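Asks: Heads up, the sequence shown is in UniProt numbering, so the first residue is 12 and it goes up one at a time.
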Amino acid sequence: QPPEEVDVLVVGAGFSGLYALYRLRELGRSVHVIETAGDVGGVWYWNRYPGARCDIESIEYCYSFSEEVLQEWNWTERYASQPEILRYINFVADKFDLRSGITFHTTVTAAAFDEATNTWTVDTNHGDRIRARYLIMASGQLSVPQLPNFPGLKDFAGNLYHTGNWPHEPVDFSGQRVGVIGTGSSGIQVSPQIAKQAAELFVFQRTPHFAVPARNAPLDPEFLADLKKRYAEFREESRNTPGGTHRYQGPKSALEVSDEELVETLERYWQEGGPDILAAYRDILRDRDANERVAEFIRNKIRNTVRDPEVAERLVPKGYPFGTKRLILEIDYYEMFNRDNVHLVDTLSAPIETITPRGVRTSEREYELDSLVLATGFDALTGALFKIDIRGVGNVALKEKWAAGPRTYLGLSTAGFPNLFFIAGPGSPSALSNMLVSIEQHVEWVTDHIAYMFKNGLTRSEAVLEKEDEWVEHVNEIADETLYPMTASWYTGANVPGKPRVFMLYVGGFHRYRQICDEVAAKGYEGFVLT
Ligand SMILES: Cc1cc2nc3c(=O)[nH]c(=O)nc-3n(C[C@H](O)[C@H](O)[C@H](O)COP(=O)(O)OP(=O)(O)OC[C@H]3O[C@@H](n4cnc5c(N)ncnc54)[C@H](O)[C@@H]3O)c2cc1C
Ligand SMILES: CC(=O)c1ccc[n+]([C@@H]2O[C@H](COP(=O)([O-])OP(=O)([O-])OC[C@H]3O[C@@H](n4cnc5c(N)ncnc54)[C@H](OP(=O)([O-])[O-])[C@@H]3O)[C@@H](O)[C@H]2O)c1
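#1: Does DSSP put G112 in a helix, in a strand, or in coil?
#2: Any idea what DSSP makes of residue 553, helix, strand or coil?
#3: Does DSSP classify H43 as helix, strand or coil?
#4: Are there three or more Cβ pairs, one per stretch, closer than 8 Å when the segment 398 to 411 is compared with the segment 443 to 453?
#5: On a Cα-Cα basis, can you pick out the residue from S196, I205, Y145, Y420 that is closest to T218?
#6: For the beta strand (DSSP E) containing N101, name the first residue and the last one.
#7: For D480, which residues of its own chain have a beta-carbon under 8 Å away from its beta-carbon, when the five flanking residues on both sides are left out?
#8: How long is the line joining the alpha carbons of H116 and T493, rounded to whole angstroms?
#9: Of all the options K466, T470, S77, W482, which has the alpha carbon lying nearest to the alpha carbon of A104?
#10: Alpha carbon to alpha carbon, how far is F161 from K239? Give it in angstroms, no decimals.
#11: In this structure, what does DSSP give as the bridge partners for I192?
#12: Where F397 and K412 are concerned, what is the direct C-alpha to C-alpha distance, given to the nearest angstrom?
#13: So, does the segment 258 to 269 touch the segment 183 to 198, judging by three or more C-beta pairs under 8 Å?
#14: Just the C-alpha distance for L32 and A236, rounded to the nearest angstrom, thanks.
#15: Quick check on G25: buried or exposed, where buried means 16 or more other Cβ atoms within 10 Å of its Cβ?
#16: Tell me whether the beta-carbon of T174 lies closer than 8 Å to the beta-carbon of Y60.
#17: State buried or exposed for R525, treating a residue as buried only when at least 16 other CB atoms are found within 10 Å of its CB.
#18: Does at least one heavy atom of ligand 3 sit under 7 Å from the Cβ of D270?
#19: Which whole-angstrom value is the C-beta distance of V22 and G112, which I expect to be below 8 Å?
#20: Terminal residues of the continuous alpha helix (DSSP H) containing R523?
#21: Pick helix, strand or coil for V486, following the three-state DSSP scheme.
#22: Sort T128, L392, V201, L277 by Cα distance to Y145 and report the nearest one.
#23: Which value, in whole angstroms, describes the spacing of the CA atoms of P203 and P429?
#24: Leaving out five residues before and five after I70 in sequence, what residues of the same chain have Cβ atoms less than 7 Å from its Cβ?
#25: May I ask you to check if the CB of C528 is nearer than 7 Å to at least one heavy atom of ligand 1?
#26: Check the Cβ-Cβ distances between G190 and every residue of chain D, and say whether any is below 8 Å.
#27: Ends of the alpha helix (DSSP H) at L81?
#28: Specify, as a first and last residue, the run of the alpha helix (DSSP H) that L380 falls within.
#29: When you compare the segment 309 to 325 with the segment 204 to 213, are there three or more beta-carbon pairs, one atom per stretch, that lie closer than 8 Å?
#30: Let me check you understand the geometry: is the CB of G254 closer than 7 Å to at least one non-hydrogen atom of ligand 1?
#31: In angstroms, rounded to a whole number, what distance separates the CA positions of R293 and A265?
#32: Would you call the CB atoms of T373 and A361 closer than 8 Å?
#33: Just checking, does the segment 331 to 341 make contact with the segment 298 to 308 on the three C-beta pairs under 8 Å criterion?
#34: Looking only at DSSP bridge pairs, what is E537 linked to?
#35: Assuming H220 and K336 form a contact by the criterion Cβ under 8 Å, report the distance between their Cβ atoms to the nearest whole angstrom.
#36: What separation, rounded to the nearest whole angstrom, lies between the Cα atoms of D270 and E244?
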């Protein structure tokens with residue numbers, strides 16, 4: 012399959028890769044995609060665990076580049092399940108004939124820039140060697156699964172799973188003793204599903220994460236049909252926001268309100284369900300005292316959800332500000348702890364010492380299990396790039412240049428590595444926004460930039476070192492006026508032993524970040540040198 016030479020090579024056929032392929036084709040450029048999976052979808056291809064589902068409403072979490080897709084697709088529920096989102100992606104891939112520009116089952120292993128010819132040379136684990144003028148890394152944010160770091164993993168005699176690499180056949184847990192290690196979004200979704208089959212489920216929790224009710228519901232096909240009438244308009248309202256959704260931006264400070272107004276307001280959000288409570292007051296993510304008032308409200312709801320008070324109290328998040336680890340949407344997760352066959356193992360109080368052939372040993376006891384499910388997250392934001400031998404000008408490795416944390420101009424490019432773009436990764440809003448908004452804007456800005464280079468007969472595009480250092484300082488400085496750096500999250504690299512602890516995302520909001528990108532492009536790509 013892959014061509015020997017191409018204007019642009021794209022790595023990844025998730026949402027980012029697919030749109031890049033599509034837009035570059037519309038721009039008359041030759042383009043080709045390489046993708047490790049057997050088919051399209053990215054995260055929605057790999058994460059097939061039971062209960063997988065989006066936590067941005069279906070009507071917002073979708074593409075907007077095609078009116079036809081917008082008119083014809085029918086979402087069915089407030090939050091789409093993984094199988095549904097996979098169906099939407101295959102729909103889009105079919106409509107635009109995308110598979111013809113993609114090599115599947117192939118991992119990019121190395122890429123090196125050649126200064127003499129201004130081109131990337133890209134190698135794959137099949138021994139393919141492709142020459143591209145431009146290299147676009149659409150390889151994802153949460154795409155390399157992280158195992159936890161525990162001795163004895165290869166000794167466990169039962170069945171071992173990671174939610175990011177879930178089998179393609181359903182997994183039958185009927186009558187088994189099952190462990191789940193991890194209580195982020197993945198563990199919160201997969202656990203209630205396993206609880207329904209397992210003889211016994213042990214949920215091994217380290218830090219409790221904050222979760223609020225999803226309140227999933229059927230979508231009214233009326234509502235849908237009206238939405239369709241003004242769908243493009245509705246999406247531009249989402250693009251003019253900090254978060255890339257219709258979330259209300261609460262104008263008040265959580266400190267200014269009385270306790271009663273605070274409870275009556277938070278009750279409304281709690282009842283309506285969904286993540287919008289994050290923007291209920293302007294300073295929840297800027298001030299510890301404001302944050303703590305909302306945090307206490309959430310924590311009280313949790314204590315009131317679980318009958319046994321001792322168990323309830325082990326579920327209550329402590330030690331970090333609400334919203335600074337990704338807020339989770341839960342569906343009958345806290346309720347699940349009321350069931351007889353469901354056990355919370357608090358591993359802050361009894362740390363896991365080892366996995367054994369039988370199960371898990373903590374400092375207090377051994378748990379015998381037939382299956383162990385790892386909901387332990389991902390090597391975020393940089394994990395997928397670091398799996399590739401990427402070499403830039405003067406043979407600098409990206410893995411070395413970014414060894415103290417990612418260094419980029421606008422998150423889009425890094426100096427010393429010309430003709431290379433990252434889609435929706437570090438240095439940009441990325442997962443701080445609805446990713447379909449983040450992704451569409453980067454794919455357009457990059458592919459426009461490329462078209463602009465061909466139009467003008469230029470062949471080399473590079474971020475100016477001083478602009479990149481200035482950008483990094485800026486990212487760091489605005490993060491430091493929020494509570495985000497205060498907490499060990501995958502946003503700061505806490506997912507991975509030994510990884511540098513640096514908050515990796517642009518927090519100033521999608522809207523502002525887009526303003527800045529447009530202004531840069533409008534000045535002919537200021538902070539880039541084009542030759
Ligand atoms: C389970 C899950 C649920 C999510 N829910 C939401 C949500 O509700 N809202 C939201 O905004 N975001 C969500 N996200 C974030 C998600 O990352 C984005 O929404 C979006 O799906 C990412 O798209 P992408 O194409 O950029 O990357 P991906 O979907 O991850 O696709 C990248 C692809 O690149 C491939 N690849 C990587 N390295 C190589 C290589 N070296 N060679 C070849 N191929 C390679 C991978 O196999 C993968 O298929 C979720 C993430 C996860 C993991
Ligand atoms: C709904 C929806 O859209 C959806 C669904 C799924 C994913 N997503 C998106 O992807 C992101 C990642 O979510 P996730 O759940 O896969 O990963 P996580 O958030 O990194 O939680 C990892 C968990 O494993 C625990 N843990 C880690 N190491 C450990 C160890 N050594 N020992 C024991 N435990 C270990 C870790 O414990 P602690 O103390 O917090 O480090 C934590 O409990 C999400 O944020 C969304 O962006 C969205």
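Built from N, CA and C at the ideal position, the CB exists for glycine as well.
Replies: Let me lay it out:
#1: Taking the sequence shown and counting its residues from 1, one reaches residue 112 at position 101. In the three-state reduction of the DSSP assignment, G112 falls in the helix class, which pools H, G and I.
#2: Residue numbering for the chain in the displayed model covers 12 to 542; residue 553 lies beyond these limits and cannot be assessed.
#3: Taking the sequence shown and counting its residues from 1, the one referred to as residue 43 is at position 32. Three-state DSSP puts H43 in a strand.
#4: Contact between the segment 398 to 411 and the segment 443 to 453 is absent, because fewer than three Cβ pairs lie under 8 Å.
#5: Taking the first residue of the sequence shown as position 1, residue 218 is located at position 207. Checking every option, the nearest Cα to that of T218 belongs to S196.
#6: Sequence index remark: in the sequence shown, residue 101 carries index 90 (1-based). Under the DSSP assignment, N101 falls outside any beta strand (DSSP E), being part of the alpha helix (DSSP H) whose first and last residues are 93 to 106.
#7: Start at 1 with the first residue of the sequence shown, and residue 480 comes out as number 469. Excluding positions up to five away in sequence, the list reads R418.
#8: Here residue 116 corresponds to residue number 105 of the sequence shown, with the count starting at 1. Here residue 493 corresponds to residue number 482 of the sequence shown, with the count starting at 1. Those two C-alpha atoms are separated by around 41 Å.
#9: Translated into the one-based positions of the sequence shown, residue 104 becomes position 93. Scanning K466, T470, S77, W482 for the CA closest to the CA of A104 turns up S77.
#10: Residue 239 sits at position 228 when you count from the first residue of the sequence shown. Residue 161 sits at position 150 when you count from the first residue of the sequence shown. Taking the CA atoms as reference points, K239 sits about 50 Å from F161.
#11: Counting from one through the sequence shown, the residue named residue 192 turns up at place 181. Bridge pairing for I192: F215, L385 [DSSP].
#12: On the sequence shown, position 386 is the one that residue 397 refers to. On the sequence shown, position 401 is the one that residue 412 refers to. Approximately 11 Å, taken between the alpha carbons.
#13: Judged by Cβ distances under 8 Å, the segment 258 to 269 makes no contact with the segment 183 to 198, as fewer than three pairs qualify.
#14: Start at 1 with the first residue of the sequence shown, and residue 32 comes out as number 21. Start at 1 with the first residue of the sequence shown, and residue 236 comes out as number 225. Looking at the backbone, the Cα of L32 and that of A236 are separated by about 29 Å.
#15: Walking along the sequence shown from the start, residue 25 turns up at place 14. Its Cβ being crowded by 16 or more others within 10 Å, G25 is buried.
#16: As a working mapping, residue 174 is identified with position 163 in the sequence shown. As a working mapping, residue 60 is identified with position 49 in the sequence shown. Closer than 8 Å, so yes.
#17: Residue numbering aside, residue 525 sits at position 514 when the sequence shown is read from its first letter. In this structure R525 is buried. Its beta-carbon is surrounded by 16 or more other beta-carbon atoms within 10 angstroms.
#18: This structure lacks ligand 3; the ligands present are ligand 1 and ligand 2.
#19: Within the sequence shown, the letter at position 11 stands for residue 22. Within the sequence shown, the letter at position 101 stands for residue 112. Not confirmed; about 13 Å, so no contact.
#20: Position 512 of the sequence shown, counted from the first residue, corresponds to residue 523. That run of the alpha helix (DSSP H) goes 521 to 533.
#21: Mapped onto the sequence shown, residue 486 falls at position 475. In this structure, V486 counts as helix in the three-state DSSP scheme.
#22: Residue numbering aside, residue 145 sits at position 134 when the sequence shown is read from its first letter. Ranking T128, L392, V201, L277 by Cα distance to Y145 puts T128 first.
#23: To locate residue 203, count along the sequence shown from 1; it is residue 192. To locate residue 429, count along the sequence shown from 1; it is residue 418. Each residue's alpha carbon lies about 47 Å from the other.
#24: Residue 70 sits at position 59 when you count from the first residue of the sequence shown. Beyond the five residues adjoining it in sequence on each side, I70 comes within less than 7 Å, by CB distance, of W86, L238 in the same chain, given in chain order.
#25: Here the question's residue 528 lines up with position 517 in the sequence shown. Result no, Cβ not under 7 Å from ligand 1.
#26: Within the model displayed, chain D is absent; a lone protein chain is all it includes.
#27: Counted from its first residue, the sequence shown places residue 81 at position 70. Annotation: the continuous alpha helix (DSSP H) that includes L81 extends over 78 to 83.
#28: Within the sequence shown, the letter at position 369 stands for residue 380. No alpha helix (DSSP H) contains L380, which DSSP labels as neither H nor E.
#29: No: fewer than three Cβ pairs fall under 8 Å.
#30: Numbered from 1 along the sequence shown, position 243 holds the residue referred to as residue 254. No, ligand 1 has no heavy atom inside 7 Å of this Cβ.
#31: On the sequence shown, residue 293 is found 282 positions in, with the first residue counted as 1. On the sequence shown, residue 265 is found 254 positions in, with the first residue counted as 1. Between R293 and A265, the alpha-carbon positions lie close to 7 Å from each other.
#32: Counted from its first residue, the sequence shown places residue 373 at position 362. Counted from its first residue, the sequence shown places residue 361 at position 350. Cβ atoms of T373 and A361: closer than 8 Å.
#33: For the pair of segments examined, the segment 331 to 341 was found to touch the segment 298 to 308: the number of CB pairs separated by less than 8 Å reaches three.
#34: Taking the sequence shown and counting its residues from 1, the one referred to as residue 537 is at position 526. Partner(s): none; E537 has no beta bridge.
#35: For the purposes of this step, residue 220 is taken as residue 209 along the sequence shown, with counting starting at 1. For the purposes of this step, residue 336 is taken as residue 325 along the sequence shown, with counting starting at 1. Their Cβ separation, rounded to whole angstroms, is 5 Å, which keeps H220 and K336 in contact under 8 Å.
#36: As a first step, residue 270 must be located in the sequence shown, where it is residue number 259. As a first step, residue 244 must be located in the sequence shown, where it is residue number 233. Approximately 38 Å, taken between the alpha carbons.
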